[PDB]
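Protein sequences, first through last, are from chains A, B and C. The first sequence maps to residues 271 to 783 in the working numbering. The second sequence maps to residues 271 to 783 in the working numbering. The third sequence maps to residues 271 to 783 in the working numbering.
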Amino acid sequence: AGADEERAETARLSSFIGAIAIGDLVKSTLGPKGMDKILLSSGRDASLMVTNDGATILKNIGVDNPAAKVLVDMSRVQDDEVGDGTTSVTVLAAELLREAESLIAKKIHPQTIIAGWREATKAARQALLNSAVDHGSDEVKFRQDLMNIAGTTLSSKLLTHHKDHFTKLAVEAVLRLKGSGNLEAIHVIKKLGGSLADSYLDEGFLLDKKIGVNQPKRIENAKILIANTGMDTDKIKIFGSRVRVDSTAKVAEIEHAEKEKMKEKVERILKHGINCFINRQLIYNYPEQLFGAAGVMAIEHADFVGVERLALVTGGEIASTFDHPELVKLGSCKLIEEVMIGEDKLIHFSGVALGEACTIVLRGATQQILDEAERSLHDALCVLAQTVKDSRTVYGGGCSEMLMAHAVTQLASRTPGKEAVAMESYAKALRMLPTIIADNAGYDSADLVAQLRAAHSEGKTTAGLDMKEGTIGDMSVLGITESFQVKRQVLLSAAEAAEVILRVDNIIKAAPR
Amino acid sequence: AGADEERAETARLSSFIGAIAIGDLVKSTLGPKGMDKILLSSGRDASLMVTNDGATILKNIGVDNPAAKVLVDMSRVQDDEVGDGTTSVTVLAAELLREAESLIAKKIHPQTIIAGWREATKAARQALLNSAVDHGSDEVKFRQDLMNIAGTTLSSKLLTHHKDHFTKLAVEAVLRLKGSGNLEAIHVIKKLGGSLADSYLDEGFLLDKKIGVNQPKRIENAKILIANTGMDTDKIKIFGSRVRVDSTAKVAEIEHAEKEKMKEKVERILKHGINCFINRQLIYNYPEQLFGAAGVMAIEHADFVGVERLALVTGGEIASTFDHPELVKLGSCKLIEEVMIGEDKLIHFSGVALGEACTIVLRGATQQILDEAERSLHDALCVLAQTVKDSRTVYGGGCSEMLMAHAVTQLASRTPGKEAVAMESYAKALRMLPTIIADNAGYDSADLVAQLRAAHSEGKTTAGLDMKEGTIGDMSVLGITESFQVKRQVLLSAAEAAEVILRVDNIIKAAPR
Amino acid sequence: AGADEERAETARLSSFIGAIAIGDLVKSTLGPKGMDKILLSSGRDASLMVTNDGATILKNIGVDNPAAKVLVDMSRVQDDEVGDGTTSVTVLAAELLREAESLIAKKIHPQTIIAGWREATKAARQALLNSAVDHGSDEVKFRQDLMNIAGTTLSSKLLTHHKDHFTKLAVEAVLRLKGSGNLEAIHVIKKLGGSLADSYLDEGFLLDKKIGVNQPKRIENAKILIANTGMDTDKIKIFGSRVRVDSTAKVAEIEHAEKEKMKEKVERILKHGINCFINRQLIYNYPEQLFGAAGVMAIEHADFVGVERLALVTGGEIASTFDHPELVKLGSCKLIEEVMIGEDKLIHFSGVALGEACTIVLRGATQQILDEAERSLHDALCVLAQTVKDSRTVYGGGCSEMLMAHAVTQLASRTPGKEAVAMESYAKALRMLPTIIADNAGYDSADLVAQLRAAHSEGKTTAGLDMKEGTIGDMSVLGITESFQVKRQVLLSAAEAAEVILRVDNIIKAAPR
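Right under this line is the structure:
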């Protein structure tokens, strides 16, 4: 079957290599001051894709044959549950593998060593219920809505110079989302024109299409018409082919028949007061001359997904044949217009009666960075939704890591012999996270770690690493916090990821269903 | 893999090399006695293109991997707002990079150095509000229209002998152009025939087509008809199919139907007084005989772009079916005729009542050099149009640069330590421009630097580098002046390109896929 | 990387190499002795073209990449002014480059050297607006029409034993083209039959074609018909299909319909008295039988180019459908006939009322030399038109070059020696020409230079190199003269063309790395 199997030394090594390669790259991402990375790939990759979110970059590609992709895939479930904020879940699992060099010296029973992973659940659950997290969002909430965790997610990201304002905007978007919808109908677009606000919140839906140069500039008391069938007429579903009437003179009636399609469209249209027509496909030329005289703005080949979303927004319609007008059609009427804001022209649909669907339009600084904002909304939508629902968070700035480390030292003394040596090694791993945060800051590491441990040991969960100061301070005053979900899941599956490879000392031979 | 990550000094170096290569080529370009350059290259290039405009050449070719294309791109946005006259903006940006080698010797914090750019605000503005330059350009004007900057723009260019006259012509074009209509409707064609004037200005629009050998030579009562649909008839979209017939005689009735189509065209046409017909497509043969007898000039397969601009000029038309004659067509009426010019035959539309759109025609001797005028005219339109709107200029020949240099010298050593080195690096950058101007003309650079600084220091703004003289002289009488917004923007444009790579906060980075 | 690597020493070399190769071929050509050269290429070239005139050979073919084709191109512009006689302008420019080797001795600044070209304008102004010319050429003028300069142009050419008579003929040709035309409508052909005249002057246009086996030999009071559309008829619009009949009687109309086409052509034709028909395309067989019996000669697939000249000649016509015979057709009638010239069979159109367009028929002895005459006509027409318009001339045979040389020697010592070496070199360029004129004569070159200079110095412009004498004599008696503006342009042109690549030190490169 072309099976690739490695015995003892080689099998273990591949996991070891996979964990180390990813650790160095992800470590710089963490913290208020993160580093943006630039990735270039060939083969269905347009240009360098720069992702600040570690989970997004791993999901996108499958670089090579060594085992690590499955470990990567699991993080998505975590994302649906919580996901982002800052990425640290992958890093802790990778360092577990490094003491394995020490482990070979033990020389014969790795399985006994394994009982530590179940023990790790003990280590992780001890962390659970231990440490005051937060009071939690009531619902909507006035000032606790943001200016907290989203900013922290952003801090590692470059756009933060104007971006932090954008993050603040996103919570407003999440609060409106809760009501009856689901987790759908959120649309964001960006504009090349520069502004300090760098974004506007629209009460309705954003679209970009035009009938033609002629027609009135704006419409009011608008009525919206949506048609399943195109305005094109002649073919039927089967030719109706070679007609041959009895000279040129009667061929004219068929041309006349076209006029009948034109007239029906205007007669029915005039009574309603129709201000806008939206059709998802091709549109017949004849009606276009007629729309301009009437003062009605139509949209040719409107995208179906936008239209379908639009329908809940406008009260909906039953789309059928030209009978479609009047009562079978329901149309919202606040205002439809093409406004000209800043430079590039677009059409704004707004004032929806339903209130169950909304759209956001962004403005940028004008450059390569502008395309960055596309990925940027998506990060914001996910961070806030979970933070309000979980109602639980933990202190950032490495505050969480030092507290747990003091507790885990005790755990090694907890077990009489073999368990103790293995359990202690897991505990020392946590120490590196605080050390790395301080080192990139531009401050002396030795002074930092000694003072750090003393504050955590005392019992203050709030106290943590302050990079700006270069010393230890109160994290809570800063307002930096990490989502509660990211911490419980990493601890539970960090052990599971390493568990499938390392515990296997020998291989049978399968692959079925 | 394939990341092209470039860390610390290597990243800085790529910016450095791009700047030095560009400056040497462009330096000879700005001056009364510029050289002129020809590029051979190969592949999709013909042979020795010669461009005197630095901005045009940088955009045309993107030769290599190092970053500079985006910096180059920004020059064009400047062109819309003024652009050229002479190209000097690119040179100043490059020189600021040379001091960076000195900076590694300092080896402290590159961010700290960045402070000089921000205080460059007090430099660009120092150039501003200091030294009155002219005062005029209120609108139209008799002799201030040219014999100024346009001559200077072309002074560098070889075509100066006969062409300086052409430059004079271009401002007349801008005067008609000016209004609240921004920039629209400008068309220029060079012709293969030589005259002393080497160009005549047409009051209307120039086109090149003919109905056929028959029909009268001159209409002089010119009325214009434009049709969206061809004169061709048969298929409609309801064929009547491929057609039988018992005998050849029956097919005769079909010909007769074609005849009716001819008659409708003439009956309506004579009443209007129709003198010329222009159709943007193929034209059916039958009407052609009709037009010839009537004394009406028609154009087959007329280009659409000419028509839309022409419509603005004539007063417009509404293009529909054969109902098109009379009132639905406005038809302007001064003079339409085909006029022989020197060598090649062309058709001229003239006498436009609206006044918004006009056309320029150039002739020339008949040279490789002659095609040069097409790109040159575009440059001519851009320099003069902004000259009137800005209403402000600066002294050329290095006068502006030496003055600014005197102010920056005080700033340098006065501030102690780390900031002084940064401030002074920018300051001596200005020194190179005086050296570069004198060196290319055949005079000793060393002597020139000493004498130049002493005159500027005294307080005479007008005095500057005179290449023909070999020393210093009064710049204003020479006729060399620089656009007002080129100087505030150039300092800012030079500043941002180098600054962005040195910002983002450290970033040692690495990244996989 | 791209563009061609030239600046400093290598760039100078390309100009240098182009000048030396061209000078040897052209040097032989100068003067009555002048040597004819044979050039061979077999694909797109009929036979070796001797091309005695230097200007004609350089323009026809651009053999290679080095710069020289553009320098060559200017000479035609000179030709438009006059630019012929015997070629000398190109040679003087080339020798300017020879002492450039001396210039590397200076080893540092070529620009000081450049001021010498300006000096040349001062030096060359003593050759134009100076000396004396001839003061004849009233325009038209019956006896001063030729036997002068055209013979001189031909003196170099070998054919001038019977050829000189041909040159005399050409002025009559220039006189007839006098008017509002320019240079158009002149056709020249040659024949293989020998006669003393070697040529004949005809009243009209010559075309080689024949109708067919049948048809009258000659027509008088001839009327000319030209048709855009061929005489082929049947399918038009809607073939009426391919027809199967029910019986013999119905098919009567098809055969008869063809007859109507025949009837229109004959009945309309008879009233006019039609003697000849010319069609630029294929012709239908039925009319062909008619033309023979009627007494009318028709031409199948007549060349369109021949037809267009003929139209000015006959007063023209409007070409369309069979409505064409009568007033819409203008016929000029003298005599149209097919005649025998010595051996070959040709058709002659003659007796043009307009007089604006004419054709020349050359016969000749039966020689390689005979094809030389075709070469001669293009040169003949250009020489005479300019001579009447300029009203000024200079003495040939090297008389012009030596006089100028005496003046330039003084100039070198006037300037400082470093400058002087560069100025003197332009001056000694003139000296080589006297040596060449004598060398082709077979007389001793050393003796000739000494005696030549002494007579020119004295002040006699008329005195020059008498090749036949072996010493020096009166050029005017010989009748050899050069037009006045050939000299004005050569002196300005020779200097700056070379100067543009020597003026500049560093140049044209884009951005390799």
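Idealized CB from N, CA, C, for every residue including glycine.
- The beta-carbon of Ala780/B is placed less than 8 Å from the nearest beta-carbon of chain A.
- Distance check between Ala675/C and each of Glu689/C, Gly667/C, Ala697/C, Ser683/C places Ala697/C closest, using alpha-carbon atoms only.
- Linking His432/B to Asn776/B through their CA atoms gives a straight-line distance of about 57 Å.
- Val583/B is outside the set of residues whose beta carbon lies under 8 Å from a beta carbon in chain A.
- Scanning its chain for C-beta atoms nearer than 6 Å, with the 5 sequence neighbours on each side dropped, one finds around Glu570/B the residues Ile553, in chain order.
- From the beta-carbon of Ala273/B, the residues of chain A found nearer than 8 Å are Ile308, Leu309, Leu310.
- For the 8 Å CB-CB criterion, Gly474/B and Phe574/B do not form a contact.
- In the three-state scheme derived from DSSP, where H, G and I count as helix and E and B as strand, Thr705/C is classed as helix.
- Put simply, of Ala337/A, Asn484/A, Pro336/A, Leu309/A the residue whose alpha carbon is nearest the alpha carbon of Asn330/A is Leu309/A.
- Within the DSSP bridge table, the entry for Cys628/B names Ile456/B as partners.
- Burial state of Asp641/B is exposed, judged by a 10 Å Cβ sphere holding fewer than 16 other Cβ atoms.
- The three-state secondary structure of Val441/A, taken from DSSP, is helix.
- Pairwise C-beta distances place the stretch 329-347 of chain A out of contact with the stretch 744-751 of chain A, as fewer than three of them are shorter than 8 Å.
- With distances taken between CA atoms, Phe754/A lies nearest to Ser358/A out of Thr518/A, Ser358/A, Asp504/A, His457/A.
- The beta carbon of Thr732/B is closer than 8 Å to those of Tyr665, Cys669, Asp744, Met745, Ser746 in its chain, skipping five residues each way along the sequence.
- The contact set of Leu295/B on chain C, defined by CB atoms closer than 9 Å, consists of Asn776, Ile777, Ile778, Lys779, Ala780, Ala781 in chain order.
- Counting other Cβ atoms within 10 Å of its Cβ, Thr382/A stays below 16 and is therefore classed as exposed.
- Sorting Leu367/C, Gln638/C, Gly463/C by C-alpha distance to the C-alpha of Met319/C places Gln638/C at the top.
- Excluding its 5 nearest sequence neighbours in each direction, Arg446/A has C-beta neighbours in its own chain below 6 Å: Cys628, listed in chain order.
- With contacts defined as CB atoms closer than 8 Å, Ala420/A and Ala440/A qualify as a contacting pair.
- Annotation for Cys652/C: no beta strand (DSSP E) segment contains it, though the alpha helix (DSSP H) segment containing it runs 638-660.
- Taken in chain order, the complete alpha helix (DSSP H) segments of 4 or more residues contained in the stretch 352-407 of chain B are 359-365, 370-376, 380-383, 385-388, 391-397.
- Closer than 8 Å at the C-beta level to chain A, one finds these residues of the stretch 504-528 of chain B: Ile506, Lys507, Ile508, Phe509, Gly510, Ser511, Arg512, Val513, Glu523, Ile524, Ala527.
- Under the DSSP assignment, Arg538/C falls in the alpha helix (DSSP H) whose first and last residues are 522-542.
- Where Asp744/B is concerned, the enclosing beta strand (DSSP E) starts and stops at 742-744.
- For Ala765/C, the uninterrupted alpha helix (DSSP H) run begins and ends at 754-772, by DSSP.
- When beta bridges are read from the DSSP output, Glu607/C appears opposite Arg488/C, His618/C.
- If you ignore the 5 residues before and after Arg395/C, its C-beta comes within less than 7 Å of no other C-beta in its own chain.
- Among the residues of chain C, none has a CB under 9 Å from the CB of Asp641/B; the nearest is roughly 14 Å distant.
- Counting only residues of its own chain and dropping the five nearest sequence neighbours on each side, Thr705/B has a CB closer than 8 Å to the CB of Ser715, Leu718, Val719.
- Straight across, the Cα-Cα distance linking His726/C with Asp434/C is about 30 Å.
- Counting only residues of its own chain and dropping the five nearest sequence neighbours on each side, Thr679/A has a CB closer than 6 Å to the CB of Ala697.
- Just measuring C-alpha positions, the residue of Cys652/B, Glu587/B, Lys507/B sitting nearest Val598/B is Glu587/B.
- In the three-state DSSP reduction, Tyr696/B falls in the helix class (H, G or I).
- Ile569/B carries a strand assignment under DSSP once its states are collapsed to helix, strand and coil.
- With a cutoff of 8 Å on beta-carbon distance, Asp660/B and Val352/B are scored as near each other.
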